[PDB]
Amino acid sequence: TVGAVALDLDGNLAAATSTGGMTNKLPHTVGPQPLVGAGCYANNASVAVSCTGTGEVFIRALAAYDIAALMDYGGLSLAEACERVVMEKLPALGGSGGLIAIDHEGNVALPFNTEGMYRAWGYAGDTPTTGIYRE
C-alpha cells in the first residue's frame, strides 16, 4: 500500500491510496484501500486520510473515516484522533499499520504501530522530512 494526502493553497484536502494487497493474498478479495472510509477518506471540513495495514482490521475499524469523525464530532485534535485510532483501537482489534493525515488547518500526522513506515511530508516552498523507523 502507498498513499498521499494534501492541503492546497485554496484550502482543499484530498487523499489517494493504491496497493497490490497482502503477499500471497487469495484472488477476488478486497482490502480496505478501495473502500471509502477504510483505506482513504477526505473532507474539507475535517481531514484527509490514507491508511496502510492489515486489511480486515482497517475495514472493520473504518480507520480513515474514524479519524475524521473523532475530530468533526468528538472535537479531538488530529494528534489525539491519530493516537486513539492507530495506538489504541487498531492494536486492540489486532491491526498493525499506520496512516498519513492532514486536517483543514494544515496539521500533519504520520502515526504507525509497526517497526517502520516509508513516509515523507513537507510544506510548499520549504524542505521535506523523510522517515522509515520510529521517532
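When you see a residue number, it is the position in the sequence shown, counting from 1.
Quick one: higher average CA temperature factor, 106 to 114 or 22 to 30?
For C-alpha atoms only, the mean B-factor is higher in 22 to 30.
Which of 35 to 43 and 86 to 94 has higher mean CA B factor, as the PDB entry lists it:
Per the deposited B-factors, the answer is 86 to 94.
Comparing against every modelled residue in the chain, figure out the third that the C-alpha B-factor of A63 lands in (lowest, middle or highest).
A63: CA B-factor falls in the lowest third of its chain.
Lowest, middle or highest third: where is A48 by C-alpha B factor in its chain?
As the PDB entry reports it, the C-alpha B-factor of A48 lands in the lowest third of its chain.
Report the third (lowest, middle or highest) to which the CA temperature factor of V57 belongs, ranking only the modelled residues of the same chain.
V57: CA B-factor falls in the highest third of its chain.
Going by what the PDB entry lists, where does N12 fall on CA B-factor within its chain: lowest, middle or highest third?
Its C-alpha B-factor, which the entry lists for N12, ranks in the middle third among residues of this chain.
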